[PDB]
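This is run11.txt. It holds compact mmCIF, C-alpha atoms and all ligand atoms.
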# COMPACT_ATOMS: atom_id res chain seq x y z
CA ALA L 4 -141.33 -12.73 -104.60
CA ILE L 5 -138.79 -12.37 -107.46
CA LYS L 6 -138.95 -15.22 -109.96
CA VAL L 7 -137.09 -15.05 -113.23
CA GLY L 8 -137.19 -17.18 -116.33
CA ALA L 9 -138.27 -20.65 -116.89
CA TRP L 10 -136.01 -20.94 -119.90
CA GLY L 11 -136.88 -24.11 -121.81
CA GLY L 12 -140.00 -25.83 -123.17
CA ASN L 13 -143.55 -26.69 -122.06
CA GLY L 14 -143.05 -30.46 -121.80
CA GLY L 15 -142.64 -32.43 -118.58
CA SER L 16 -144.44 -31.42 -115.39
CA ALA L 17 -143.94 -28.46 -113.04
CA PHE L 18 -141.51 -28.28 -110.16
CA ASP L 19 -140.84 -25.49 -107.69
CA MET L 20 -138.62 -25.81 -104.60
CA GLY L 21 -139.18 -22.22 -103.57
CA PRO L 22 -136.41 -20.08 -102.10
CA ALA L 23 -133.87 -21.48 -99.64
CA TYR L 24 -131.85 -19.94 -96.84
CA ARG L 25 -128.62 -21.24 -98.37
CA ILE L 26 -127.87 -23.37 -101.43
CA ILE L 27 -125.44 -26.06 -100.31
CA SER L 28 -124.82 -27.77 -103.65
CA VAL L 29 -126.10 -28.10 -107.20
CA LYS L 30 -125.52 -31.32 -109.11
CA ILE L 31 -126.17 -31.18 -112.85
CA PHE L 32 -126.60 -34.54 -114.55
CA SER L 33 -125.88 -34.23 -118.28
CA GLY L 34 -124.93 -36.22 -121.34
CA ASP L 35 -125.59 -34.59 -124.69
CA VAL L 36 -128.55 -32.92 -122.93
CA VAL L 37 -129.20 -31.75 -119.36
CA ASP L 38 -130.94 -34.71 -117.71
CA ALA L 39 -131.41 -33.34 -114.20
CA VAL L 40 -130.42 -31.17 -111.29
CA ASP L 41 -130.16 -32.08 -107.62
CA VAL L 42 -130.24 -29.11 -105.24
CA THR L 43 -129.45 -29.50 -101.56
CA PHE L 44 -130.12 -26.51 -99.37
CA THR L 45 -131.03 -25.39 -95.87
CA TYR L 46 -134.59 -24.31 -95.04
CA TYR L 47 -135.77 -23.13 -91.58
CA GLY L 48 -133.25 -25.18 -89.63
CA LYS L 49 -133.37 -28.22 -91.93
CA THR L 50 -131.31 -29.56 -94.82
CA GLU L 51 -133.33 -30.69 -97.84
CA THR L 52 -132.70 -32.24 -101.29
CA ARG L 53 -135.12 -32.28 -104.24
CA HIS L 54 -133.81 -33.79 -107.75
CA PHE L 55 -135.69 -32.39 -110.81
CA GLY L 56 -135.90 -34.19 -114.14
CA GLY L 57 -135.12 -37.88 -114.63
CA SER L 58 -132.18 -40.28 -114.20
CA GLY L 59 -129.72 -39.99 -117.08
CA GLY L 60 -126.27 -38.51 -117.61
CA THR L 61 -123.09 -37.94 -115.63
CA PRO L 62 -123.15 -35.85 -112.41
CA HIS L 63 -121.30 -32.52 -112.04
CA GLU L 64 -121.38 -31.28 -108.46
CA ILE L 65 -121.09 -27.58 -107.62
CA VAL L 66 -120.50 -27.24 -103.88
CA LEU L 67 -120.82 -23.77 -102.34
CA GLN L 68 -118.23 -22.82 -99.72
CA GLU L 69 -118.43 -20.29 -96.84
CA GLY L 70 -119.10 -16.94 -98.53
CA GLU L 71 -119.99 -18.42 -101.91
CA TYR L 72 -123.23 -17.63 -103.75
CA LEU L 73 -124.70 -18.31 -107.15
CA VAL L 74 -124.49 -15.05 -109.15
CA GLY L 75 -125.06 -16.41 -112.64
CA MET L 76 -126.93 -18.97 -114.68
CA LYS L 77 -126.43 -19.66 -118.38
CA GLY L 78 -127.44 -22.25 -120.94
CA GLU L 79 -129.05 -23.21 -124.21
CA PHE L 80 -132.47 -24.70 -124.93
CA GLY L 81 -133.60 -26.55 -128.03
CA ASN L 82 -135.38 -29.52 -129.59
CA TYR L 83 -133.82 -32.87 -128.68
CA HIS L 84 -135.77 -35.49 -130.60
CA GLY L 85 -139.20 -33.92 -130.05
CA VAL L 86 -138.88 -32.17 -126.70
CA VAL L 87 -137.73 -28.65 -126.07
CA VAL L 88 -135.22 -29.05 -123.21
CA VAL L 89 -132.14 -27.48 -121.65
CA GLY L 90 -129.39 -28.76 -123.95
CA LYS L 91 -126.63 -26.88 -122.07
CA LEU L 92 -126.51 -25.44 -118.53
CA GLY L 93 -123.90 -23.59 -116.45
CA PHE L 94 -123.55 -21.55 -113.29
CA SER L 95 -121.12 -19.03 -111.88
CA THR L 96 -120.42 -18.12 -108.24
CA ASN L 97 -118.60 -15.10 -106.76
CA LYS L 98 -115.48 -17.30 -106.73
CA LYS L 99 -115.59 -19.33 -109.99
CA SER L 100 -117.34 -20.49 -113.15
CA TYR L 101 -118.85 -23.95 -113.76
CA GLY L 102 -119.81 -25.69 -116.99
CA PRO L 103 -121.76 -25.41 -119.05
CA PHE L 104 -122.87 -29.05 -118.95
CA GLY L 105 -124.60 -30.73 -121.91
CA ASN L 106 -123.55 -30.95 -125.57
CA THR L 107 -126.67 -29.88 -127.48
CA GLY L 108 -126.70 -26.34 -128.82
CA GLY L 109 -129.88 -24.30 -129.17
CA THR L 110 -131.33 -20.90 -128.30
CA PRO L 111 -129.05 -19.31 -125.74
CA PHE L 112 -130.07 -17.63 -122.51
CA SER L 113 -127.94 -15.93 -119.84
CA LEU L 114 -128.64 -14.46 -116.43
CA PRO L 115 -125.74 -12.47 -115.00
CA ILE L 116 -126.59 -11.08 -111.58
CA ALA L 117 -124.77 -7.80 -110.92
CA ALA L 118 -126.34 -7.55 -107.47
CA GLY L 119 -128.16 -10.34 -105.66
CA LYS L 120 -128.02 -14.13 -105.70
CA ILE L 121 -129.88 -17.28 -106.73
CA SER L 122 -131.77 -18.69 -103.75
CA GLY L 123 -133.78 -21.46 -105.43
CA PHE L 124 -135.26 -23.00 -108.55
CA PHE L 125 -138.49 -23.66 -110.41
CA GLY L 126 -139.25 -25.17 -113.80
CA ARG L 127 -140.41 -28.30 -115.59
CA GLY L 128 -138.97 -31.82 -115.61
CA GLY L 129 -139.57 -35.27 -117.11
CA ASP L 130 -136.99 -37.55 -118.67
CA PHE L 131 -134.76 -34.42 -119.01
CA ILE L 132 -134.73 -30.80 -117.67
CA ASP L 133 -137.42 -29.31 -119.93
CA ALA L 134 -137.01 -25.88 -118.37
CA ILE L 135 -135.38 -24.05 -115.49
CA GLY L 136 -135.98 -20.77 -113.69
CA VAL L 137 -134.61 -19.04 -110.63
CA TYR L 138 -135.69 -17.20 -107.45
CA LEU L 139 -133.60 -14.10 -106.72
CA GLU L 140 -132.81 -12.37 -103.41
CA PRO L 141 -130.79 -9.35 -102.26
CA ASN V 2 -130.54 -2.22 -100.81
CA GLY V 3 -131.51 -5.48 -102.34
CA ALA V 4 -131.40 -3.46 -105.50
CA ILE V 5 -131.33 -6.83 -107.29
CA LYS V 6 -129.54 -5.95 -110.48
CA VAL V 7 -129.78 -8.40 -113.29
CA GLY V 8 -127.64 -8.39 -116.35
CA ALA V 9 -125.74 -6.20 -118.45
CA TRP V 10 -126.30 -7.84 -121.57
CA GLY V 11 -124.05 -6.61 -124.40
CA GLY V 12 -120.48 -5.45 -124.95
CA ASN V 13 -117.80 -3.94 -122.72
CA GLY V 14 -117.53 -0.74 -124.76
CA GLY V 15 -118.79 2.77 -124.00
CA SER V 16 -119.18 4.30 -120.54
CA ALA V 17 -121.11 2.75 -117.66
CA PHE V 18 -124.50 4.22 -116.74
CA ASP V 19 -126.78 3.49 -113.80
CA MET V 20 -130.02 5.27 -112.96
CA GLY V 21 -130.78 3.22 -109.86
CA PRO V 22 -134.31 2.04 -109.11
CA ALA V 23 -137.40 4.28 -109.37
CA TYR V 24 -140.67 4.69 -107.48
CA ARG V 25 -142.33 4.41 -110.88
CA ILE V 26 -141.15 4.10 -114.47
CA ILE V 27 -143.41 6.52 -116.33
CA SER V 28 -142.16 5.87 -119.86
CA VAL V 29 -139.30 4.20 -121.72
CA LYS V 30 -138.25 5.57 -125.11
CA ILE V 31 -136.06 3.33 -127.29
CA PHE V 32 -134.00 5.04 -130.02
CA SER V 33 -133.49 2.57 -132.84
CA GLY V 34 -132.18 2.19 -136.40
CA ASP V 35 -130.42 -0.92 -137.67
CA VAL V 36 -129.03 -1.11 -134.09
CA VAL V 37 -130.29 0.13 -130.68
CA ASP V 38 -128.87 3.64 -130.35
CA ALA V 39 -130.30 4.68 -127.00
CA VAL V 40 -132.90 4.59 -124.22
CA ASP V 41 -134.49 7.55 -122.48
CA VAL V 42 -136.30 6.79 -119.24
CA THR V 43 -138.76 9.14 -117.54
CA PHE V 44 -139.44 8.12 -113.92
CA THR V 45 -140.41 9.43 -110.47
CA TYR V 46 -137.37 9.64 -108.17
CA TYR V 47 -138.00 11.01 -104.62
CA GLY V 48 -141.04 13.13 -105.41
CA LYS V 49 -139.38 14.44 -108.60
CA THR V 50 -140.04 13.28 -112.16
CA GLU V 51 -136.62 12.92 -113.87
CA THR V 52 -135.52 11.57 -117.28
CA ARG V 53 -132.07 10.22 -118.09
CA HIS V 54 -131.04 9.74 -121.79
CA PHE V 55 -128.79 6.70 -122.15
CA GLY V 56 -126.89 5.49 -125.22
CA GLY V 57 -126.28 7.84 -128.15
CA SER V 58 -128.09 10.50 -130.19
CA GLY V 59 -129.55 7.85 -132.40
CA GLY V 60 -132.09 6.80 -134.98
CA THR V 61 -135.86 6.76 -134.53
CA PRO V 62 -137.60 6.91 -131.16
CA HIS V 63 -140.27 4.44 -130.01
CA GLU V 64 -142.01 5.35 -126.75
CA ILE V 65 -143.56 2.94 -124.26
CA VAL V 66 -145.98 4.92 -122.09
CA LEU V 67 -146.95 2.92 -119.00
CA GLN V 68 -150.51 3.30 -117.68
CA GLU V 69 -151.45 3.01 -113.86
CA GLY V 70 -151.75 -0.54 -113.67
CA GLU V 71 -148.98 -1.29 -116.18
CA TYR V 72 -145.50 -2.54 -115.17
CA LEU V 73 -142.48 -3.86 -117.07
CA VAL V 74 -142.38 -7.62 -116.59
CA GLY V 75 -140.08 -8.60 -119.46
CA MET V 76 -137.04 -7.59 -121.48
CA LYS V 77 -135.65 -9.41 -124.51
CA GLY V 78 -133.08 -8.59 -127.12
CA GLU V 79 -130.02 -9.53 -129.12
CA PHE V 80 -126.44 -8.29 -128.96
CA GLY V 81 -123.95 -8.51 -131.80
CA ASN V 82 -121.01 -7.02 -133.61
CA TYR V 83 -121.78 -3.80 -135.47
CA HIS V 84 -118.76 -2.31 -137.27
CA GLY V 85 -116.24 -3.43 -134.66
CA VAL V 86 -118.35 -3.01 -131.52
CA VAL V 87 -120.62 -5.39 -129.60
CA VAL V 88 -123.87 -3.49 -128.98
CA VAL V 89 -127.52 -4.26 -128.46
CA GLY V 90 -128.82 -4.80 -132.04
CA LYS V 91 -132.39 -5.56 -130.93
CA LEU V 92 -134.34 -4.67 -127.75
CA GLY V 93 -137.90 -5.35 -126.61
CA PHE V 94 -140.01 -5.12 -123.47
CA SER V 95 -143.27 -6.64 -122.38
CA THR V 96 -145.68 -5.29 -119.77
CA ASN V 97 -148.69 -6.92 -118.09
CA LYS V 98 -150.87 -5.26 -120.75
CA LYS V 99 -148.93 -5.21 -124.00
CA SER V 100 -145.73 -6.32 -125.69
CA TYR V 101 -143.44 -3.75 -127.33
CA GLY V 102 -140.75 -4.19 -129.96
CA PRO V 103 -138.36 -5.63 -130.62
CA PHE V 104 -136.74 -2.43 -131.93
CA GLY V 105 -133.57 -2.53 -134.08
CA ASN V 106 -132.61 -4.78 -137.01
CA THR V 107 -129.17 -6.29 -136.33
CA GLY V 108 -129.42 -9.93 -135.34
CA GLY V 109 -127.06 -11.59 -132.90
CA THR V 110 -126.76 -13.55 -129.66
CA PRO V 111 -130.21 -13.53 -128.08
CA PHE V 112 -131.07 -12.90 -124.45
CA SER V 113 -134.40 -12.99 -122.63
CA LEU V 114 -135.64 -12.05 -119.17
CA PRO V 115 -139.13 -13.38 -118.49
CA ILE V 116 -140.10 -12.18 -115.03
CA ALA V 117 -142.58 -14.73 -113.67
CA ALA V 118 -142.90 -12.64 -110.51
CA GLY V 119 -141.85 -9.05 -109.88
CA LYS V 120 -141.09 -6.20 -112.21
CA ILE V 121 -138.46 -3.89 -113.66
CA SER V 122 -137.87 -0.83 -111.50
CA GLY V 123 -134.80 0.78 -113.13
CA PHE V 124 -131.97 0.55 -115.65
CA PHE V 125 -128.21 0.41 -115.91
CA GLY V 126 -125.67 -0.59 -118.54
CA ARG V 127 -123.10 0.85 -120.93
CA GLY V 128 -123.52 3.56 -123.55
CA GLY V 129 -121.49 5.40 -126.13
CA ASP V 130 -122.45 5.96 -129.72
CA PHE V 131 -125.02 3.12 -129.31
CA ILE V 132 -126.35 0.94 -126.44
CA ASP V 133 -123.31 -1.20 -125.77
CA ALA V 134 -125.16 -2.94 -122.95
CA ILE V 135 -128.26 -2.91 -120.79
CA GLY V 136 -129.36 -4.40 -117.47
CA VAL V 137 -132.29 -4.04 -115.15
CA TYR V 138 -133.21 -3.48 -111.45
CA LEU V 139 -135.88 -5.88 -110.14
CA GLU V 140 -138.41 -5.53 -107.33
CA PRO V 141 -141.47 -7.54 -106.24
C1 LIG L 201 -121.09 -30.78 -121.22
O1 LIG L 201 -121.38 -32.15 -120.98
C2 LIG L 201 -120.36 -32.95 -120.44
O2 LIG L 201 -119.14 -32.34 -120.07
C3 LIG L 201 -118.92 -32.56 -118.70
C4 LIG L 201 -117.72 -31.76 -118.21
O3 LIG L 201 -116.53 -32.31 -118.73
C5 LIG L 201 -118.81 -34.08 -118.51
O4 LIG L 201 -118.46 -34.36 -117.18
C6 LIG L 201 -120.13 -34.78 -118.86
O5 LIG L 201 -119.96 -36.16 -118.69
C7 LIG L 201 -120.55 -34.46 -120.29
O6 LIG L 201 -119.71 -35.19 -121.15
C1 LIG L 202 -139.65 -38.64 -123.08
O1 LIG L 202 -140.83 -38.24 -122.40
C2 LIG L 202 -140.78 -37.21 -121.46
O2 LIG L 202 -139.58 -36.60 -121.09
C3 LIG L 202 -139.54 -35.34 -121.72
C4 LIG L 202 -138.23 -34.65 -121.35
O3 LIG L 202 -138.24 -34.26 -120.00
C5 LIG L 202 -140.80 -34.51 -121.41
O4 LIG L 202 -140.89 -33.20 -121.91
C6 LIG L 202 -142.10 -35.29 -121.60
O5 LIG L 202 -143.17 -34.53 -121.10
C7 LIG L 202 -142.04 -36.62 -120.89
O6 LIG L 202 -141.90 -36.40 -119.50
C1 LIG L 203 -127.37 -40.14 -125.76
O1 LIG L 203 -126.75 -40.64 -124.58
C2 LIG L 203 -126.61 -39.81 -123.45
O2 LIG L 203 -127.10 -38.51 -123.41
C3 LIG L 203 -128.28 -38.58 -122.61
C4 LIG L 203 -129.02 -37.24 -122.52
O3 LIG L 203 -128.27 -36.24 -121.85
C5 LIG L 203 -128.00 -39.21 -121.22
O4 LIG L 203 -129.23 -39.48 -120.61
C6 LIG L 203 -127.24 -40.53 -121.28
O5 LIG L 203 -126.79 -40.90 -120.00
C7 LIG L 203 -126.04 -40.39 -122.19
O6 LIG L 203 -125.14 -39.46 -121.63
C1 LIG L 204 -117.75 4.51 -131.92
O1 LIG L 204 -117.19 4.79 -130.65
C2 LIG L 204 -117.85 4.45 -129.47
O2 LIG L 204 -119.20 4.08 -129.44
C3 LIG L 204 -119.24 2.68 -129.21
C4 LIG L 204 -120.69 2.19 -129.24
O3 LIG L 204 -121.46 2.91 -128.32
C5 LIG L 204 -118.52 2.31 -127.90
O4 LIG L 204 -118.13 1.14 -127.23
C6 LIG L 204 -117.10 2.90 -127.86
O5 LIG L 204 -116.47 2.68 -126.61
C7 LIG L 204 -117.13 4.39 -128.14
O6 LIG L 204 -117.93 5.00 -127.16
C1 LIG L 205 -127.19 3.37 -140.46
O1 LIG L 205 -128.33 4.21 -140.27
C2 LIG L 205 -129.09 4.16 -139.10
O2 LIG L 205 -128.95 3.18 -138.11
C3 LIG L 205 -128.20 3.80 -137.05
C4 LIG L 205 -127.95 2.82 -135.91
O3 LIG L 205 -129.17 2.42 -135.33
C5 LIG L 205 -128.87 5.09 -136.56
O4 LIG L 205 -127.96 5.76 -135.73
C6 LIG L 205 -129.19 6.05 -137.71
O5 LIG L 205 -130.03 6.93 -137.01
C7 LIG L 205 -129.99 5.32 -138.76
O6 LIG L 205 -131.19 4.85 -138.17
ZN ZN L 206 -130.92 -36.91 -107.97
ZN ZN L 207 -118.28 -32.84 -113.77
ZN ZN L 208 -132.57 11.18 -125.09
Could you render the structure as structure tokens?
Ligand SMILES: COC1O[C@H](CO)[C@@H](O)[C@H](O)[C@@H]1O
Ligand SMILES: CO[C@H]1O[C@H](CO)[C@@H](O)[C@H](O)[C@@H]1O
Ligand SMILES: CO[C@H]1O[C@H](CO)[C@@H](O)[C@H](O)[C@@H]1O
Ligand SMILES: CO[C@H]1O[C@H](CO)[C@@H](O)[C@H](O)[C@@H]1O
Ligand SMILES: CO[C@H]1O[C@H](CO)[C@@H](O)[C@H](O)[C@@H]1O
Ligand SMILES: [Zn+2]
Ligand SMILES: [Zn+2]
Ligand SMILES: [Zn+2]
Amino acid sequence: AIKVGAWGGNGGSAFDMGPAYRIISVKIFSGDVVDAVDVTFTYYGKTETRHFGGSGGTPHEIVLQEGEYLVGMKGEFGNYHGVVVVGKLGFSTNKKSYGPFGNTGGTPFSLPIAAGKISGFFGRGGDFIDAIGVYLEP
Amino acid sequence: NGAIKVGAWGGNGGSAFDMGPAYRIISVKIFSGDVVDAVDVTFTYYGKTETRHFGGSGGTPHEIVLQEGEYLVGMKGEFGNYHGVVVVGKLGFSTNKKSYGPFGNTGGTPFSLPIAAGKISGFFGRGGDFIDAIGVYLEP
């Protein structure tokens, strides 16, 4: 019901995991660009994992503890050899800050969440994370 | 009390402001010179039509009058240093009908809030002489 962003480019193909009950972990694969994200989450009594955007890079796992929620997403998007992709990507929880991951500067974006949380993702993916957006909940 | 509050984009200067969410944003008026000086918002609180005056006195007004079917589904801008203070130097909004702005002429670190689903229902931020910062309430 509340979907924000898609920051990135038009390349790759669409993904959309919808909202979750709880995000368990977010694993950003990155080298000089953001290659991919794995999200594992619970959904109506089940645990699920998705992986958006290609093989590539080194993994950086954010694991969410008991009362921990994603309250921020930040990054940069730009042209990496002909595709507009997320060159840098970071997250913050109520407890700590992570990243950003990736080494390619571009047009910055930032989503601080003064009230609410990130409950899921949508965007575009191919060889790399072309774009990323976020579902929000109270 | 989801209010879902997104942002504050800008500096830590000035005094905090927070209008809460509205039943309906009637119009948003952005005061603008080489920086964003202020925002006035006229909206319907609980039966009543109030307006709030955020930021400072300012430069030149630019009014976005929303029409019945028209909702705010986007906010973009840039924040930067302006004589020793980090303020919003550029600010723009898009609705489901039209796109307004950006207003102001001081470039800086860009931000953007495309709302693929939902809309802006209210405003908060920081204000002094200019718009130090601005954020937004979201609802479906
Ligand atoms: C920003 O991109 C990287 O930085 C992280 C964090 O150190 C590394 O783990 C990763 O391999 C990349 O070199
Ligand atoms: C290299 O080819 C691809 O990978 C990039 C980056 O994800 C995409 O934008 C593109 O559409 C293809 O999927
Ligand atoms: C250029 O080499 C790298 O950067 C890319 C893009 O992020 C990764 O796929 C790869 O594993 C290396 O880290
Ligand atoms: C010039 O003095 C002030 O105006 C700026 C910009 O609004 C503020 O941060 C600051 O705290 C004071 O209120
Ligand atoms: C420097 O002159 C101006 O720019 C400032 C900041 O926007 C405004 O306060 C003033 O009204 C003029 O428009
Ligand atoms: Zn994976
Ligand atoms: Zn790591
Ligand atoms: Zn006013």
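With the cut-off set to 10 Å and only C-alpha atoms counted, chain L residues close to chain V are residues 4, 5, 6, 7, 8, 9, 10, 74, 75, 110, 111, 112, 113, 114, 115, 116, 117, 118, 119, 120, 136, 137, 138, 139, 140 and 141 of chain L.
Distance check against ligand LIG 204 (chain L) using only C-alpha atoms and all ligand atoms: of V:123, V:70, V:85, V:109, the minimum falls on V:85.
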Select the residues contacting ligand LIG 203 (chain L) at a distance of at most 10 Å, based on only C-alpha atoms and all ligand atoms, then format the selection as a ChimeraX atom specification. /L:32-39,57-62,83,89-91,104-107,130-132
One decimal, in Å: what's the spacing between atom CA of residue 109 of chain L and atom CA of residue 30 of chain L? 21.7 Å
Using all atoms listed in the file: which of L:42, L:27, L:20, L:66 has the shortest distance to ligand ZN 207 (chain L): L:66
Write out as a VMD selection string the residues lying within 9 Å of residue 94 of chain L, counting all atoms listed in the file and excluding same-chain residues fewer than 2 positions away. chain L and resid 65 73 to 78 92 96 99 to 103
List all protein, DNA and RNA residues that have an atom no more than 7 Å from any atom of ligand ZN 206 (chain L), counting all atoms listed in the file, and report them as a list in words. residues 40, 41 and 54 of chain L
Give me the residues within 9 Å of residue 83 of chain V as a PDB file with C-alpha atoms, in the frame of the given file, counting all atoms listed in the file and dropping any in the same chain fewer than 5 places off.
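Output file selection39.pdb is given in full below:
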ATOM      1  CA  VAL V  36    -129.030  -1.110-134.090  1.00  0.00           C
ATOM      2  CA  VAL V  88    -123.870  -3.490-128.980  1.00  0.00           C
ATOM      3  CA  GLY V  90    -128.820  -4.800-132.040  1.00  0.00           C
ATOM      4  CA  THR V 107    -129.170  -6.290-136.330  1.00  0.00           C
TER       5      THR V 107
END
Atom completion result for segment 120-136 of chain L (N, CA, C and O atoms) as an mmCIF file, in the frame of the given file:
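Below you can see out_26.cif, which holds the result:
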data_model
loop_
_atom_site.group_PDB
_atom_site.id
_atom_site.type_symbol
_atom_site.label_atom_id
_atom_site.label_comp_id
_atom_site.auth_asym_id
_atom_site.auth_seq_id
_atom_site.Cartn_x
_atom_site.Cartn_y
_atom_site.Cartn_z
ATOM 1 N N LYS L 120 -128.439 -12.738 -105.607
ATOM 2 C CA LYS L 120 -128.020 -14.130 -105.700
ATOM 3 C C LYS L 120 -129.182 -15.037 -106.106
ATOM 4 O O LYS L 120 -130.333 -14.625 -106.116
ATOM 5 N N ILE L 121 -128.859 -16.270 -106.471
ATOM 6 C CA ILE L 121 -129.880 -17.280 -106.730
ATOM 7 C C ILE L 121 -130.131 -17.999 -105.412
ATOM 8 O O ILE L 121 -129.187 -18.445 -104.747
ATOM 9 N N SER L 122 -131.402 -18.086 -105.028
ATOM 10 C CA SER L 122 -131.770 -18.690 -103.750
ATOM 11 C C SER L 122 -132.638 -19.928 -103.921
ATOM 12 O O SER L 122 -133.065 -20.518 -102.929
ATOM 13 N N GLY L 123 -132.893 -20.324 -105.168
ATOM 14 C CA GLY L 123 -133.780 -21.460 -105.430
ATOM 15 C C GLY L 123 -134.205 -21.574 -106.875
ATOM 16 O O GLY L 123 -133.890 -20.718 -107.700
ATOM 17 N N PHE L 124 -134.925 -22.650 -107.176
ATOM 18 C CA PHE L 124 -135.260 -23.000 -108.550
ATOM 19 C C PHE L 124 -136.734 -23.327 -108.738
ATOM 20 O O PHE L 124 -137.414 -23.735 -107.802
ATOM 21 N N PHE L 125 -137.216 -23.115 -109.956
ATOM 22 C CA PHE L 125 -138.490 -23.660 -110.410
ATOM 23 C C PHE L 125 -138.343 -24.039 -111.870
ATOM 24 O O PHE L 125 -137.374 -23.658 -112.517
ATOM 25 N N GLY L 126 -139.293 -24.800 -112.392
ATOM 26 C CA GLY L 126 -139.250 -25.170 -113.800
ATOM 27 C C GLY L 126 -140.136 -26.341 -114.141
ATOM 28 O O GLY L 126 -141.184 -26.531 -113.527
ATOM 29 N N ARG L 127 -139.706 -27.110 -115.138
ATOM 30 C CA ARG L 127 -140.410 -28.300 -115.590
ATOM 31 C C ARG L 127 -139.408 -29.429 -115.768
ATOM 32 O O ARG L 127 -138.256 -29.186 -116.130
ATOM 33 N N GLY L 128 -139.840 -30.657 -115.494
ATOM 34 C CA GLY L 128 -138.970 -31.820 -115.610
ATOM 35 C C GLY L 128 -139.714 -33.077 -116.032
ATOM 36 O O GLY L 128 -140.879 -33.254 -115.687
ATOM 37 N N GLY L 129 -139.036 -33.946 -116.778
ATOM 38 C CA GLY L 129 -139.570 -35.270 -117.110
ATOM 39 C C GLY L 129 -138.454 -36.291 -117.193
ATOM 40 O O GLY L 129 -137.866 -36.666 -116.182
ATOM 41 N N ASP L 130 -138.164 -36.741 -118.402
ATOM 42 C CA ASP L 130 -136.990 -37.550 -118.670
ATOM 43 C C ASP L 130 -135.730 -36.659 -118.585
ATOM 44 O O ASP L 130 -134.675 -37.111 -118.143
ATOM 45 N N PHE L 131 -135.862 -35.400 -119.013
ATOM 46 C CA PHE L 131 -134.760 -34.420 -119.010
ATOM 47 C C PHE L 131 -135.221 -33.104 -118.350
ATOM 48 O O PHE L 131 -136.389 -32.985 -117.989
ATOM 49 N N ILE L 132 -134.326 -32.125 -118.189
ATOM 50 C CA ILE L 132 -134.730 -30.800 -117.670
ATOM 51 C C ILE L 132 -135.351 -29.986 -118.796
ATOM 52 O O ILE L 132 -134.641 -29.338 -119.564
ATOM 53 N N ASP L 133 -136.678 -30.023 -118.877
ATOM 54 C CA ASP L 133 -137.420 -29.310 -119.930
ATOM 55 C C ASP L 133 -137.227 -27.806 -119.824
ATOM 56 O O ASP L 133 -137.136 -27.113 -120.837
ATOM 57 N N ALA L 134 -137.186 -27.304 -118.595
ATOM 58 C CA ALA L 134 -137.010 -25.880 -118.370
ATOM 59 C C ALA L 134 -136.553 -25.609 -116.940
ATOM 60 O O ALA L 134 -136.782 -26.412 -116.030
ATOM 61 N N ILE L 135 -135.905 -24.461 -116.771
ATOM 62 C CA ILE L 135 -135.380 -24.050 -115.490
ATOM 63 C C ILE L 135 -135.489 -22.541 -115.309
ATOM 64 O O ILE L 135 -135.281 -21.753 -116.242
ATOM 65 N N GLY L 136 -135.857 -22.162 -114.092
ATOM 66 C CA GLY L 136 -135.980 -20.770 -113.690
ATOM 67 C C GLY L 136 -135.389 -20.605 -112.300
ATOM 68 O O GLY L 136 -134.969 -21.577 -111.682
#
